[PDB]
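Notes follow once the structure below has been shown.
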Amino acid sequence: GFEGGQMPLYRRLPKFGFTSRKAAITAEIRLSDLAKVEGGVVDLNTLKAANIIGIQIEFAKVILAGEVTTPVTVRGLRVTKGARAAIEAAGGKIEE
Amino acid sequence: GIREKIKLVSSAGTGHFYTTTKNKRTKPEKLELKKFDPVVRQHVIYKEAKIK
Amino acid sequence: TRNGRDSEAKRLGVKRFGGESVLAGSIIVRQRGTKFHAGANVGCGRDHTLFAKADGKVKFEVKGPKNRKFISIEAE
Amino acid sequence: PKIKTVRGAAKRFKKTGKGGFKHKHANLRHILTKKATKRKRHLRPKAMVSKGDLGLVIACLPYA
RNA sequence: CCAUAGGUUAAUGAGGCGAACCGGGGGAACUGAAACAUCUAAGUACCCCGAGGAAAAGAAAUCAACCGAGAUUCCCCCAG
RNA sequence: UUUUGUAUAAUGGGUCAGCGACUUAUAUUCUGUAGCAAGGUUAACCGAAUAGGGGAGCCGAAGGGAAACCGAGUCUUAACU
RNA sequence: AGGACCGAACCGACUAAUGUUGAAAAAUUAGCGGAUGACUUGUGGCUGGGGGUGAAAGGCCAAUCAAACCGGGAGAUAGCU
RNA sequence: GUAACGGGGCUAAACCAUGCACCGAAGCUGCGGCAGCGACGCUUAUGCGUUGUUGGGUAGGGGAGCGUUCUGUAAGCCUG
RNA sequence: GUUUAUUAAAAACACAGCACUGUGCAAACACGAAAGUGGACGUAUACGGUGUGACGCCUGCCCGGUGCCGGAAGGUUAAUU
RNA sequence: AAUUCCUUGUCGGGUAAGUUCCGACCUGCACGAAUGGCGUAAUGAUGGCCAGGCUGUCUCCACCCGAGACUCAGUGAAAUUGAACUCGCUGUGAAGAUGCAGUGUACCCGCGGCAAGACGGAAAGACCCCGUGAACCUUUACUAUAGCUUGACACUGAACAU
RNA sequence: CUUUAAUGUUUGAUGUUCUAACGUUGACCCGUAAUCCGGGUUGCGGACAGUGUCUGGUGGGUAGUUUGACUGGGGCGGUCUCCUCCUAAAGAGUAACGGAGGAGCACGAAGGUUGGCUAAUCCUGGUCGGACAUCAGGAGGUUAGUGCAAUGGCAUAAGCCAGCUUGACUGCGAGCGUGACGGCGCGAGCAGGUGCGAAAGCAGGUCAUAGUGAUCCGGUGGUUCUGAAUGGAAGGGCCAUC
RNA sequence: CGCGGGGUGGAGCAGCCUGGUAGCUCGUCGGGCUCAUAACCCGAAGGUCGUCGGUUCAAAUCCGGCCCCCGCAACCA
Ligand SMILES: [Mg+2]
Ligand SMILES: [Mg+2]
Ligand SMILES: [Mg+2]
Ligand SMILES: [Mg+2]
Ligand SMILES: [Mg+2]
Ligand SMILES: [Mg+2]
Ligand SMILES: [Mg+2]
Ligand SMILES: [Mg+2]
Ligand SMILES: [Mg+2]
Ligand SMILES: [Mg+2]
Ligand SMILES: [Mg+2]
Ligand SMILES: [Mg+2]
Ligand SMILES: [Mg+2]
Ligand SMILES: [Mg+2]
Ligand SMILES: [Mg+2]
Ligand SMILES: [Mg+2]
Ligand SMILES: [Mg+2]
Ligand SMILES: [Mg+2]
Ligand SMILES: [Mg+2]
Ligand SMILES: [Mg+2]
Ligand SMILES: [Mg+2]
Ligand SMILES: [Mg+2]
Ligand SMILES: [Mg+2]
Ligand SMILES: [Mg+2]
Ligand SMILES: [Mg+2]
Ligand SMILES: [Mg+2]
Ligand SMILES: [Mg+2]
Ligand SMILES: [Mg+2]
Ligand SMILES: [Mg+2]
Ligand SMILES: [Mg+2]
Ligand SMILES: [Mg+2]
Ligand SMILES: [Mg+2]
Ligand SMILES: [Mg+2]
Ligand SMILES: [Mg+2]
Ligand SMILES: [Mg+2]
Ligand SMILES: [Mg+2]
Ligand SMILES: [Mg+2]
Ligand SMILES: [Mg+2]
Ligand SMILES: [Mg+2]
Ligand SMILES: [Mg+2]
Ligand SMILES: [Mg+2]
Ligand SMILES: [Mg+2]
Ligand SMILES: [Mg+2]
Ligand SMILES: [Mg+2]
Ligand SMILES: [Mg+2]
Ligand SMILES: [Mg+2]
Ligand SMILES: [Mg+2]
Ligand SMILES: [Mg+2]
Ligand SMILES: [Mg+2]
Ligand SMILES: [Mg+2]
Ligand SMILES: [Mg+2]
Ligand SMILES: [Mg+2]
Ligand SMILES: [Mg+2]
Ligand SMILES: [Mg+2]
Ligand SMILES: [Mg+2]
Ligand SMILES: [Mg+2]
Ligand SMILES: [Mg+2]
Ligand SMILES: [Mg+2]
Ligand SMILES: [Mg+2]
Ligand SMILES: [Mg+2]
Ligand SMILES: [Mg+2]
Ligand SMILES: [Mg+2]
Ligand SMILES: [Mg+2]
Ligand SMILES: [Mg+2]
Ligand SMILES: [Mg+2]
Ligand SMILES: [Mg+2]
Ligand SMILES: [Mg+2]
Ligand SMILES: [Mg+2]
Ligand SMILES: [Mg+2]
């Protein structure tokens, strides 16, 4: 980023936003990953055990990506609408 | 650049303000214009205030 | 000397010529005055820039008592 | 050793889905009353880095 | 005046040298920043003192997050 | 060699022999090539041991948004044709 | 008597030619100035580098001086050759 | 130093006009050879009967190789 | 008299003399993180600095500027509170 | 005028002739009073000018004496050097040619001399420019800072007044 | 509250005096054979001085630096950004220390719209009144006007009056133009809400092209977006703006 | 921008300093006086007392916004 003596593209442009500390401790879970856990029950701890999310993760989200075949009980976790529907179709359960 | 800049503030009570220029030497009296407040979504009176 | 100055070129002139099929909104002429006047289906900008108000072909023509160049768009 | 990211560049650019970079537009910072509303509005949304200077950005941000 | 300072003996130890490593006391500049002064180089080079086979550190007025961990040092991550 | 251009009266070389200049380490990116493949691979370390263990991690399989948040959508906006 | 005079030693260094890969990294011969003084010389000692010393020329400080020399930072840096 | 046809020389061996010859280059053609790049069709050892075309080159980009010292193959093979 | 040792010996420096100025002695000033030392075992007829430069006749006007010396009524003004 | 640009100012002296010198004038580009002014005996390897004496300084060189140079014997360097079978001229040419073109001249090889050319040798020009080089020096450049100086608190206390 | 007096006592300053810190480069004694140094006695000074921390001033004494580029060499002079014309070779663009000129704004109307209107100059007549005010009429035909330079425009007037007004709106924006990029420009239409008009319609500043400055760093207002155990807050972000 | 202080006849300064109140130095004219410019006196013209609103009977005098002049430190991308 040295453009001769011209103000280089990054110095030209304004800085924007901020880095969220809450974003670093959130995780994103595919439906394909709900099979990898054991017992057919999906908590944060269980996910961690499976080695899907990571240790320093406080919050986790289930996304309609891939597919779930087995009935799965999602516990204390945020689930997107499509993903929820998929889970229901599979024969699963979502409780808060 | 004798024309100073001023801030037209909404009478609606919202923090919304327009900004503009005004020659204060020729026009001592305050500027009043009915402008659109985008927060209330109405055309409200905007009295002149200092840019601060 | 008191002479070394000149302004940056404004890249004016006819951008889309006769028979040239354009999309609506396409600038046909950038100009200073109304050297060309907006005819049928052509809009005139604030800086007298002529632009298509419809998709179709550019049609230059001489019209009117003052014999002025009118740009119209004919639909295809 | 590891390449260091140009930290200013990191502040100003975010890598996107297809591996481009969005940035906030220049000129919407101050001296605004004189700029037309329309212009300001156009400046507001974040825009992709051009094809020309993309390379430079990439060089700046190896971890992106 | 007593005392104290001092003085004469006696005993024990120390002194100096030594590569690097270590702890501490001082501590640059060239250089990079395409100039340069903040900044960088770098607590680096160097100077000095002290020690040991290692040194230093070390047994929470420490973290963590409402669950818990449980002194120090060292390595890989975390993470450019 | 440098040059727009050198027989140049521009540079360099008295000659020979020997030596004399794009390397290495660690990161990153693209290309080839091999492995396995929605998975891939381990690091330190254990292990006399280039085996095997070790998956801590990293990269990938989802993005959008400054962010909360939402999520094959999302941000934008009171709302988007 | 004398920073008196003329003039050897001694101290200097104005002109000159020579020399300029010299006899010599400053000399030679011919002349020249001072020559009891602010003289000169021996031996020893002290002043150290932004420091000394300087009747001052940026002079001199080991044939080196608008900042000595030696080692280190150091393979400084060199958009130049 | 002739020195303002390159020289000798020339009344044409000068100039203008028309024509027919010839010389003249690494241009084009002829014969032989090598290489790149495309086709189409073989029936293959992944290239081949063929068929067009291309092949000056600095900076520079791409491709394919030779040779050197050293390690394995090698207590093999060559070598008084 | 001195000077650019090694291209400049001079009109340059020094000089006796003159003037200003600082300095009362634990001096001013200088070298010293400091102790201390020089000044000076001196003491204003002395010492430092600056300029001028034997001697003779002399050395005129300007204090607005920049310094320096004296003044403190007001304005402004730090740490502190 | 160690100062005067115009300027070799003008007038005078000196000389056959004097941009220098000396004396004046003043029209001081741009002297001037202790970064002293003007005088000044003496002194000076001091600057300028004139005269006498003297002379090879010169007219204009001649001869001689020695040391080299030259030849022989012995020893025995150096700078420099792309390679050379290393001519003139006119032209051409990266624009000044031993090397190219055209042309002229020239048997091969020494030695003593000279120095016009080899843009001869000697030092990566000292001049000039350039480099976001260097250094020293400078100041009312900027930023610092030693020092000097001001106050507050500290070491630092007691009475009595105003 | 304005303004002071009385009786009782807590920080300022300004002296007077004292001694016990401190100073003593005063005298004598001792360690001691010793002009150092220390201890003692004593005189003087004395809470000053002087040192440390903080602080204002001064501070080429010293240091680190600095001191632009273009340029028919460099310096000196001039220039550096933006607009208009020409150079510019009939698309765009196009250089020179080429030839000419301007800008660093202005305007709450000089913006919007509805309704209306048409200029310069000259001649003739007309009180003061004249080459030139104001009034007629003719010729004249935009030679005028454009808030300002130049160019291109402009009667449908973009020129000149009058009424009512804030569209000099907020969110957007198909599609274009122009730039290496940063950017800069034109823009129909859609949503909301407004003004003028009977209505069709027009209005997202001004006839157009100059009138300007990236980033960082900060300032103000709004916004529960964020908020380092949690609730808050601070700070940060986002929108507006300096 | 933050804070402080001022806008007083033609000029500067008192009157604010907690409302009941236009004086000072000149300047100009006129008169007396002088040889007189002057010195000196008498007499007079000349001030929304920055602007405006409020409390109040009464303000230049108290306060609020606003405008200008000055000082202050402060950073200044
Ligand atoms: Mg720049
Ligand atoms: Mg894990
Ligand atoms: Mg902003
Ligand atoms: Mg020892
Ligand atoms: Mg530095
Ligand atoms: Mg430096
Ligand atoms: Mg640098
Ligand atoms: Mg230990
Ligand atoms: Mg517990
Ligand atoms: Mg060469
Ligand atoms: Mg050249
Ligand atoms: Mg050639
Ligand atoms: Mg050559
Ligand atoms: Mg040659
Ligand atoms: Mg060269
Ligand atoms: Mg070589
Ligand atoms: Mg050579
Ligand atoms: Mg690689
Ligand atoms: Mg790969
Ligand atoms: Mg003598
Ligand atoms: Mg003598
Ligand atoms: Mg002699
Ligand atoms: Mg030095
Ligand atoms: Mg000198
Ligand atoms: Mg020497
Ligand atoms: Mg130095
Ligand atoms: Mg270094
Ligand atoms: Mg080097
Ligand atoms: Mg001839
Ligand atoms: Mg042939
Ligand atoms: Mg051929
Ligand atoms: Mg052929
Ligand atoms: Mg080829
Ligand atoms: Mg060919
Ligand atoms: Mg001497
Ligand atoms: Mg000498
Ligand atoms: Mg000399
Ligand atoms: Mg000499
Ligand atoms: Mg003198
Ligand atoms: Mg005087
Ligand atoms: Mg003075
Ligand atoms: Mg004075
Ligand atoms: Mg004073
Ligand atoms: Mg003069
Ligand atoms: Mg004469
Ligand atoms: Mg004379
Ligand atoms: Mg003088
Ligand atoms: Mg003087
Ligand atoms: Mg003198
Ligand atoms: Mg002498
Ligand atoms: Mg040799
Ligand atoms: Mg020639
Ligand atoms: Mg010869
Ligand atoms: Mg020669
Ligand atoms: Mg010779
Ligand atoms: Mg030469
Ligand atoms: Mg050179
Ligand atoms: Mg002393
Ligand atoms: Mg300096
Ligand atoms: Mg230059
Ligand atoms: Mg020039
Ligand atoms: Mg054109
Ligand atoms: Mg053209
Ligand atoms: Mg109209
Ligand atoms: Mg209009
Ligand atoms: Mg207008
Ligand atoms: Mg305009
Ligand atoms: Mg900056
Ligand atoms: Mg909290």
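Labels for the structure tokens follow display order: chains A, B, ..., residues from 1 in each chain, ligands from 1.
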Kindly compile the residues surrounding ligand 30 within 9 Å, counting only C-alpha atoms (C1' of nucleotides) and all ligand atoms, and format them as a count of residues only.
-> 3
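For stretch 59-71 of chain C, the non-local neighbours within 7 Å, defined as residues at least 6 positions apart in the same chain or in other chains and counting only C-alpha atoms (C1' of nucleotides), are residues 18, 19, 36, 37, 38, 39 and 42 of chain C.
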What residues have any atom no more than 10 Å from ligand 9 when counting only C-alpha atoms (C1' of nucleotides) and all ligand atoms, and can you list them as a ChimeraX atom specification?
-> /E:66-69
Exercise: residue L:21 partners within 12 Å, only C-alpha atoms (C1' of nucleotides), chain neighbours under 3 positions left out, as an MDAnalysis selection string | chainID L and resid 15:16 58:61
I need the strand (DSSP E) residues of chain C per DSSP on the backbone, written as a PDB file with N, CA and C atoms, in the first residue's frame.
ATOM      1  N   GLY C  13     -20.317  16.243 -25.776  1.00  0.00           N
ATOM      2  CA  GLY C  13     -20.606  15.739 -27.113  1.00  0.00           C
ATOM      3  C   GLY C  13     -21.606  14.606 -27.143  1.00  0.00           C
ATOM      4  N   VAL C  14     -21.992  14.222 -28.355  1.00  0.00           N
ATOM      5  CA  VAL C  14     -22.944  13.145 -28.571  1.00  0.00           C
ATOM      6  C   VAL C  14     -22.305  11.810 -28.214  1.00  0.00           C
ATOM      7  N   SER C  21     -29.240   1.770 -30.691  1.00  0.00           N
ATOM      8  CA  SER C  21     -30.192   1.272 -29.708  1.00  0.00           C
ATOM      9  C   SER C  21     -29.655   1.472 -28.286  1.00  0.00           C
ATOM     10  N   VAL C  22     -30.454   2.144 -27.455  1.00  0.00           N
ATOM     11  CA  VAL C  22     -30.094   2.452 -26.060  1.00  0.00           C
ATOM     12  C   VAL C  22     -31.115   1.939 -25.046  1.00  0.00           C
ATOM     13  N   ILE C  27     -27.535   8.214 -21.365  1.00  0.00           N
ATOM     14  CA  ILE C  27     -27.218   9.565 -21.804  1.00  0.00           C
ATOM     15  C   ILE C  27     -26.938   9.543 -23.307  1.00  0.00           C
ATOM     16  N   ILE C  28     -27.639  10.405 -24.039  1.00  0.00           N
ATOM     17  CA  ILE C  28     -27.456  10.541 -25.476  1.00  0.00           C
ATOM     18  C   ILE C  28     -26.472  11.659 -25.778  1.00  0.00           C
ATOM     19  N   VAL C  29     -26.682  12.829 -25.175  1.00  0.00           N
ATOM     20  CA  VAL C  29     -25.822  13.997 -25.398  1.00  0.00           C
ATOM     21  C   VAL C  29     -25.464  14.655 -24.084  1.00  0.00           C
ATOM     22  N   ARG C  30     -24.176  14.881 -23.863  1.00  0.00           N
ATOM     23  CA  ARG C  30     -23.753  15.882 -22.890  1.00  0.00           C
ATOM     24  C   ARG C  30     -23.369  17.140 -23.614  1.00  0.00           C
ATOM     25  N   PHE C  36     -28.730  20.525 -28.724  1.00  0.00           N
ATOM     26  CA  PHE C  36     -29.771  19.599 -29.127  1.00  0.00           C
ATOM     27  C   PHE C  36     -30.915  19.715 -28.135  1.00  0.00           C
ATOM     28  N   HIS C  37     -32.135  19.652 -28.644  1.00  0.00           N
ATOM     29  CA  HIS C  37     -33.325  19.766 -27.824  1.00  0.00           C
ATOM     30  C   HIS C  37     -33.931  18.392 -27.638  1.00  0.00           C
ATOM     31  N   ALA C  38     -34.550  18.165 -26.484  1.00  0.00           N
ATOM     32  CA  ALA C  38     -35.186  16.884 -26.201  1.00  0.00           C
ATOM     33  C   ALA C  38     -36.487  16.752 -26.981  1.00  0.00           C
ATOM     34  N   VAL C  42     -37.249  11.533 -25.001  1.00  0.00           N
ATOM     35  CA  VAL C  42     -35.958  11.976 -24.486  1.00  0.00           C
ATOM     36  C   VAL C  42     -36.190  13.045 -23.432  1.00  0.00           C
ATOM     37  N   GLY C  43     -35.516  12.876 -22.299  1.00  0.00           N
ATOM     38  CA  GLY C  43     -35.562  13.838 -21.213  1.00  0.00           C
ATOM     39  C   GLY C  43     -34.338  14.721 -21.230  1.00  0.00           C
ATOM     40  N   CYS C  44     -34.516  15.942 -20.736  1.00  0.00           N
ATOM     41  CA  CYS C  44     -33.427  16.888 -20.596  1.00  0.00           C
ATOM     42  C   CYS C  44     -33.059  17.038 -19.132  1.00  0.00           C
ATOM     43  N   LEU C  50     -29.101  15.351 -22.413  1.00  0.00           N
ATOM     44  CA  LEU C  50     -30.200  14.589 -22.979  1.00  0.00           C
ATOM     45  C   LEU C  50     -30.024  13.107 -22.689  1.00  0.00           C
ATOM     46  N   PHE C  51     -31.092  12.476 -22.217  1.00  0.00           N
ATOM     47  CA  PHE C  51     -31.063  11.062 -21.857  1.00  0.00           C
ATOM     48  C   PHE C  51     -32.336  10.396 -22.346  1.00  0.00           C
ATOM     49  N   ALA C  52     -32.260   9.099 -22.626  1.00  0.00           N
ATOM     50  CA  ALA C  52     -33.432   8.342 -23.050  1.00  0.00           C
ATOM     51  C   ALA C  52     -34.408   8.149 -21.892  1.00  0.00           C
ATOM     52  N   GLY C  56     -34.954   2.084 -26.892  1.00  0.00           N
ATOM     53  CA  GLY C  56     -35.138   2.182 -28.338  1.00  0.00           C
ATOM     54  C   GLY C  56     -33.979   2.844 -29.053  1.00  0.00           C
ATOM     55  N   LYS C  57     -34.228   3.249 -30.297  1.00  0.00           N
ATOM     56  CA  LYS C  57     -33.199   3.805 -31.177  1.00  0.00           C
ATOM     57  C   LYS C  57     -33.196   5.324 -31.175  1.00  0.00           C
ATOM     58  N   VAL C  58     -31.991   5.893 -31.145  1.00  0.00           N
ATOM     59  CA  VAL C  58     -31.777   7.340 -31.204  1.00  0.00           C
ATOM     60  C   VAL C  58     -32.120   7.843 -32.599  1.00  0.00           C
ATOM     61  N   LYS C  59     -32.877   8.933 -32.646  1.00  0.00           N
ATOM     62  CA  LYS C  59     -33.300   9.556 -33.888  1.00  0.00           C
ATOM     63  C   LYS C  59     -33.088  11.066 -33.800  1.00  0.00           C
ATOM     64  N   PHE C  60     -32.000  11.533 -34.409  1.00  0.00           N
ATOM     65  CA  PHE C  60     -31.746  12.961 -34.578  1.00  0.00           C
ATOM     66  C   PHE C  60     -32.638  13.477 -35.691  1.00  0.00           C
ATOM     67  N   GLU C  61     -33.127  14.703 -35.535  1.00  0.00           N
ATOM     68  CA  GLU C  61     -33.943  15.344 -36.565  1.00  0.00           C
ATOM     69  C   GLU C  61     -33.948  16.855 -36.415  1.00  0.00           C
ATOM     70  N   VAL C  62     -34.194  17.540 -37.530  1.00  0.00           N
ATOM     71  CA  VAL C  62     -34.402  18.983 -37.540  1.00  0.00           C
ATOM     72  C   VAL C  62     -35.904  19.215 -37.574  1.00  0.00           C
ATOM     73  N   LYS C  63     -36.395  19.954 -36.586  1.00  0.00           N
ATOM     74  CA  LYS C  63     -37.815  20.260 -36.474  1.00  0.00           C
ATOM     75  C   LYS C  63     -38.044  21.703 -36.069  1.00  0.00           C
ATOM     76  N   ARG C  68     -34.279  23.595 -35.222  1.00  0.00           N
ATOM     77  CA  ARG C  68     -33.465  23.096 -34.124  1.00  0.00           C
ATOM     78  C   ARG C  68     -33.327  21.586 -34.168  1.00  0.00           C
ATOM     79  N   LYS C  69     -32.171  21.108 -33.718  1.00  0.00           N
ATOM     80  CA  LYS C  69     -31.886  19.681 -33.673  1.00  0.00           C
ATOM     81  C   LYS C  69     -32.638  19.046 -32.510  1.00  0.00           C
ATOM     82  N   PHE C  70     -33.532  18.118 -32.832  1.00  0.00           N
ATOM     83  CA  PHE C  70     -34.313  17.386 -31.846  1.00  0.00           C
ATOM     84  C   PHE C  70     -33.914  15.929 -31.837  1.00  0.00           C
ATOM     85  N   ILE C  71     -33.631  15.406 -30.653  1.00  0.00           N
ATOM     86  CA  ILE C  71     -33.343  13.993 -30.499  1.00  0.00           C
ATOM     87  C   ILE C  71     -34.568  13.304 -29.933  1.00  0.00           C
ATOM     88  N   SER C  72     -35.084  12.338 -30.677  1.00  0.00           N
ATOM     89  CA  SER C  72     -36.162  11.498 -30.197  1.00  0.00           C
ATOM     90  C   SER C  72     -35.704  10.047 -30.086  1.00  0.00           C
ATOM     91  N   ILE C  73     -36.411   9.266 -29.278  1.00  0.00           N
ATOM     92  CA  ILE C  73     -36.209   7.830 -29.238  1.00  0.00           C
ATOM     93  C   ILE C  73     -37.408   7.154 -29.881  1.00  0.00           C
ATOM     94  N   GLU C  74     -37.133   6.343 -30.897  1.00  0.00           N
ATOM     95  CA  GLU C  74     -38.150   5.490 -31.497  1.00  0.00           C
ATOM     96  C   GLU C  74     -38.049   4.078 -30.930  1.00  0.00           C
TER      97      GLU C  74
END
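Residues in contact range of residue H:8, defined as at most 12 Å between only C-alpha atoms (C1' of nucleotides), with sequence neighbours fewer than 3 positions away removed, read residues 5 and 13 of chain H; 102 and 103 of chain J.
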Go ahead and save the picked residues with C-alpha atoms (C1' of nucleotides), as a PDB file, in the first residue's frame.
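See result-v2.pdb below for the written result:
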ATOM      1  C1'   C H   5      29.643  13.240 -59.315  1.00  0.00           C
ATOM      2  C1'   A H  13      28.872   7.569 -69.526  1.00  0.00           C
TER       3        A H  13
ATOM      4  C1'   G J 102      36.522   7.734 -51.523  1.00  0.00           C
ATOM      5  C1'   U J 103      41.127   8.935 -52.604  1.00  0.00           C
TER       6        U J 103
END
Residues within 10 Å of ligand 34, counting only C-alpha atoms (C1' of nucleotides) and all ligand atoms, as a PDB file with N, CA and C atoms (P, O5', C5', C4', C3', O3' and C1' of nucleotides), in the first residue's frame:
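The result, stored in result_12.pdb:
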ATOM      1  P     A H  26      20.866 -12.603 -50.441  1.00  0.00           P
ATOM      2  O5'   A H  26      19.717 -12.830 -49.367  1.00  0.00           O
ATOM      3  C5'   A H  26      18.938 -14.036 -49.325  1.00  0.00           C
ATOM      4  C4'   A H  26      18.195 -14.111 -48.009  1.00  0.00           C
ATOM      5  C3'   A H  26      17.215 -12.975 -47.730  1.00  0.00           C
ATOM      6  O3'   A H  26      16.109 -13.500 -47.015  1.00  0.00           O
ATOM      7  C1'   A H  26      18.912 -12.968 -46.088  1.00  0.00           C
ATOM      8  P     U H  54       2.894 -18.048 -43.113  1.00  0.00           P
ATOM      9  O5'   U H  54       3.626 -18.015 -41.703  1.00  0.00           O
ATOM     10  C5'   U H  54       3.076 -17.263 -40.612  1.00  0.00           C
ATOM     11  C4'   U H  54       3.638 -17.769 -39.310  1.00  0.00           C
ATOM     12  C3'   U H  54       5.141 -17.614 -39.150  1.00  0.00           C
ATOM     13  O3'   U H  54       5.475 -16.329 -38.646  1.00  0.00           O
ATOM     14  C1'   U H  54       4.478 -19.791 -38.492  1.00  0.00           C
ATOM     15  P     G H  55       6.872 -15.663 -39.042  1.00  0.00           P
ATOM     16  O5'   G H  55       7.934 -16.551 -38.259  1.00  0.00           O
ATOM     17  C5'   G H  55       8.051 -16.480 -36.829  1.00  0.00           C
ATOM     18  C4'   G H  55       9.153 -17.394 -36.365  1.00  0.00           C
ATOM     19  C3'   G H  55      10.472 -17.263 -37.106  1.00  0.00           C
ATOM     20  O3'   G H  55      11.263 -16.208 -36.575  1.00  0.00           O
ATOM     21  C1'   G H  55       9.927 -19.548 -36.803  1.00  0.00           C
ATOM     22  P     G H  56      11.062 -14.699 -37.081  1.00  0.00           P
ATOM     23  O5'   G H  56      12.512 -14.273 -37.569  1.00  0.00           O
ATOM     24  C5'   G H  56      13.657 -14.609 -36.780  1.00  0.00           C
ATOM     25  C4'   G H  56      14.495 -13.388 -36.513  1.00  0.00           C
ATOM     26  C3'   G H  56      14.602 -12.976 -35.057  1.00  0.00           C
ATOM     27  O3'   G H  56      15.603 -13.748 -34.404  1.00  0.00           O
ATOM     28  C1'   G H  56      14.135 -11.078 -36.381  1.00  0.00           C
TER      29        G H  56
END
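The two atoms in question, atom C1' of residue I:25 and atom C1' of residue K:45, are spaced 16.8 Å apart.
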Please find the residues of chain L near chain B - the criterion being any atom within 10 Å, counting only C-alpha atoms (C1' of nucleotides) - and write them as a PDB file with N, CA, C and O atoms (P, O5', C5', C4', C3', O3' and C1' of nucleotides), in the first residue's frame.
ATOM      1  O5'   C L   1     -19.884  29.589  18.816  1.00  0.00           O
ATOM      2  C5'   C L   1     -18.444  29.642  18.812  1.00  0.00           C
ATOM      3  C4'   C L   1     -17.880  28.526  19.661  1.00  0.00           C
ATOM      4  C3'   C L   1     -17.625  28.875  21.119  1.00  0.00           C
ATOM      5  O3'   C L   1     -18.803  28.719  21.907  1.00  0.00           O
ATOM      6  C1'   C L   1     -15.734  27.751  20.213  1.00  0.00           C
ATOM      7  P     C L  66     -27.292  34.178  21.737  1.00  0.00           P
ATOM      8  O5'   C L  66     -27.397  35.512  20.870  1.00  0.00           O
ATOM      9  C5'   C L  66     -28.318  35.622  19.764  1.00  0.00           C
ATOM     10  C4'   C L  66     -28.388  37.047  19.267  1.00  0.00           C
ATOM     11  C3'   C L  66     -27.061  37.682  18.882  1.00  0.00           C
ATOM     12  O3'   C L  66     -26.658  37.285  17.575  1.00  0.00           O
ATOM     13  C1'   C L  66     -28.317  39.199  20.207  1.00  0.00           C
ATOM     14  P     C L  67     -25.101  37.096  17.232  1.00  0.00           P
ATOM     15  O5'   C L  67     -24.598  38.595  17.023  1.00  0.00           O
ATOM     16  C5'   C L  67     -25.143  39.418  15.972  1.00  0.00           C
ATOM     17  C4'   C L  67     -24.646  40.841  16.083  1.00  0.00           C
ATOM     18  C3'   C L  67     -23.143  41.024  16.231  1.00  0.00           C
ATOM     19  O3'   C L  67     -22.449  40.891  14.994  1.00  0.00           O
ATOM     20  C1'   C L  67     -24.278  42.466  17.736  1.00  0.00           C
TER      21        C L  67
END
